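> what would the 3D arrangement of this be:
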Amino acid sequence: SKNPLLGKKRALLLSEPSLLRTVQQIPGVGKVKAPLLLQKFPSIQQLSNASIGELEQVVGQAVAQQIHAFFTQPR
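Residues are numbered from 1 along each chain as shown. Take a look at the structure below.
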C-alpha cells in the first residue's frame, strides 16, 4: 500500500514562505518609516501588502507599484 506516485499531481499548497520578512526589505518601504507606517498598518505583512493608495501616501504611486508588484511577482 503506497501513495500513488503513478500520475501527474498538482498540489496547490497553502504555505506562506515568510514573504512578510522579505516584504519589509523592499526599497521604498523604509525600515525607518516602519514605526510611522505601523500607525496605519498592523504589521509589516499588511504594511507592504497595503493598497497602492496607502503606499502612495507615504512614498508615491509608482513607488507603491514597485513595492506592491514585488511580492506579487518577484525575480
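> ok, which stretches of this structure are helices?
Secondary structure of the chain by DSSP state H: the helices cover 20-23, 34-37, 44-48, 52-58, 61-72.
> neighbouring contacts of the third one?
The one in question is helix 44-48. Contact with helix 44-48 is made by 19-21, 23-24, 26, 29, 34, 37-38, 41, 55, 67-68, 70-71, as judged by CB atoms under 8 Å, 6 or more residues apart in numbering. (C-beta placed from N, C-alpha, C; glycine too.)
> cool, and the longest one?
Counting by CB under 8 Å, 6+ apart, the neighbours of helix 61-72 from elsewhere in the structure are 19, 22-23, 26-29, 48-56, 59.
> in PyMOL, how would I select just the buried ones from those?
In PyMOL, a selection of the buried entries from the contacts of helix 61-72 looks like this (16 or more other CB atoms under 10 Å):
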select buried, resi 23+26+28+29+48+49+50+52+54+55+56+59
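> before we move on, back to that, just flag the most distant two among the contacts of helix 44-48.
38 and 70 (19.3 Å; CB to CB).
> mind checking which of the helices of the chain is nearest residue 12?
The minimum distance between residue 12 and those falls on helix 61-72, with 17.1 Å, by CB to CB.
> got phi/psi on residue 19?
The phi/psi pair for residue 19 (degrees, to the nearest 10) reads phi -80, psi -30.
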